[PDB]
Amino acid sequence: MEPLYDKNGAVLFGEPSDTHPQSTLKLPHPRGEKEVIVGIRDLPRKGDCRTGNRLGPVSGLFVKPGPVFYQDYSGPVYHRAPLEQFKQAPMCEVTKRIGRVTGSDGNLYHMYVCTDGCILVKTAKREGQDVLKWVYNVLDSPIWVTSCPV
């Protein structure tokens, strides 16, 4: 299965992979000062990277099915969308765009939040386009969607 990574960027099992160069996740990058849950209507700004905000420190944006969103997280996380946990779906009405995520297939996806609360991904290229929903999460761990600019 797709590996999880610890807060220093060490793979916890399997083999490490790099993220797609045009993903909104840039590594290496620090994280995990505190776990900070945030609501969708209260996602962090780019200006909050330097200073944090009320809620607490900010290392970027994490998300898992629920949806649960974080602006910082200390535990294990995915650096790439675990496509094995996703299912092919029709395009949804989207409430928010959240980032550009590397799939476990190496490709780039647009990441969105749907009105139904699903996390959906859509290939960032025309060819072999895939739209998928995050329907299982067997390790209950977020994807790190975006890192703060260093």
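Numbering starts at 1 and runs along the sequence shown. What we label the rigid core is the largest C-alpha set whose atoms superpose within 1.5 Å from one form to the other.
When the other structures are laid on the shown form by the rigid core, the stretch among 105-113 and 49-57 with the greater C-alpha deviation in 6 other deposited structures of this protein turns out to be 49-57. Between 95-103 and 39-47, the larger mean CA deviation from the shown form in 6 other deposited structures of this protein, after core superposition, belongs to 39-47. The stretch with the higher mean CA B factor, choosing between 123-131 and 137-145, is 123-131.
The mean C-alpha temperature factor is higher for 42-50 when 42-50 and 65-73 are set side by side. Looking only at 111, 81, 55, 114, the residue with the top Cα B factor in the deposited structure is 55. When all modelled residues of the chain are sorted by CA temperature factor, residue 35 is found within the middle third. Ranked against the other modelled residues of its chain, the C-alpha B-factor of residue 102 as given in the entry falls in the lowest third. Among the modelled residues of the chain, residue 91 sits in the highest third by CA temperature factor in this PDB entry.
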